[PDB]
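As a starting point, one isolated chain is supplied in structure tokens, in the form deposited in one PDB entry.
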């Protein structure tokens, strides 16, 4: 029963979409009503031109906002020097080899993974919204390899069936980035598809020490952002588990190094909470465990070194902590503004209804005679009352969404 914390975001996205669809209806049901009280000739000064323009203009806005919402997702970007393991991590999070990840696999560019509803994967390049079909991680690798023309820094969106890993179902986009030791100007290309990530992951190789280039990059990032969500995965941990003599000291030296980094060098986090961003893991091992667990075979011969379970736990710990983290942050970052933008539309749509109801009441009160005419004044006054009562119900739904998902 994996209640993956990403579902908090799937839930919120569902809720704010439901409210916005009701709202599109409410303003179109409303525009149809303001279009009719305006066109009526036996009804003057009741519906103003400054109210008909907004009631059609909101109808336009809300359609486009619905489009923007239906696209929002969670975006996590990975970074680190070449062959640290970035592609091995991602594939392990997806329980299969989605991205290529050998030695010498093309690394010159960004590769994102994200889900499609079909059973056929596919691919997209820059400048072309053609969907280039992609049949397997093998032919994806052999294709990239042959592209000598493939631009440096460019973006390649992979679309992988949501029914292969859960992570892709639950609206999460994962982004692999050019090796941070062979590019020099990666801090320039990050503005295209990575500066707006919710969570960044430094995939540090734990057979080494954190080189300045990796740290220098996150600097230039953290300079432009506001307390970004930075995780460090000292990957390849198994390497040092083959020699227990030094395991305590080796870890304590990395763990002190990463701790001092986030806490003191990046100042993005304090020590107490840093302990839930630095993990020691083995992507190659996690991916081997999973890619076998799905096929049916039991947990046999996956551990290349002793300590495999301790390591797997720490990874599952990372996935847990990270998932929770990205969904809380992204729900706020990507929805709190549309929520505020609806409270304003509602607040003015309904006071348009109040001014329509209020005029029609004062028309029947001081300027009305005909049985046929005053019977229109009552159906306009009742409809405006009914629609304004819809607005208040939507205002409550939004108060409720904000209460559940937006403290």
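Note that the rigid core is defined as the largest set of C-alphas that superpose within 1.5 Å between two forms. Positions refer to the first chain, counted from 1.
Here the subject shifts to the form deposited in another entry, a form of this protein not shown in this document.
Novice: For the core superposition between the shown form and the other one, please identify the residue among 284, 332, 105, 169 whose CA shift reaches 2 Å or more.
Specialist: The residue that shifts is 105.
Novice: Answer yes if the Cα of residue 14 shifts by 2 angstroms or more between the shown form and the other one on a rigid-core superposition, and no otherwise.
Specialist: Residue 14 C-alpha, core-superposed: shift of less than 2 Å.
Novice: After a core superposition, would you say residue 122 shifts its C-alpha by at least 2 Å between the shown form and the other one?
Specialist: Where the cores coincide, residue 122 still shows a C-alpha shift between the shown form and the other one that is 2 Å or more.
Novice: When the rigid core is used for the superposition, does residue 243 move between the shown form and the other one (threshold: C-alpha shift of 2 Å or more)?
Specialist: After core superposition, the displacement of the residue 243 C-alpha between the shown form and the other one reaches the 2 Å mark, so yes.
Novice: Residue 168 and residue 105: do their C-alpha atoms lie closer or farther in the other entry than in the form you see, with a change of 3 Å or more?
Specialist: Farther apart in the other entry, by 3 Å or more.
Novice: Compare the CA separation of residue 110 and residue 138 in the other entry with the one in the displayed structure, and answer closer or farther (the difference is at least 3 Å).
Specialist: Nearer in the other entry, by 3 Å or more.
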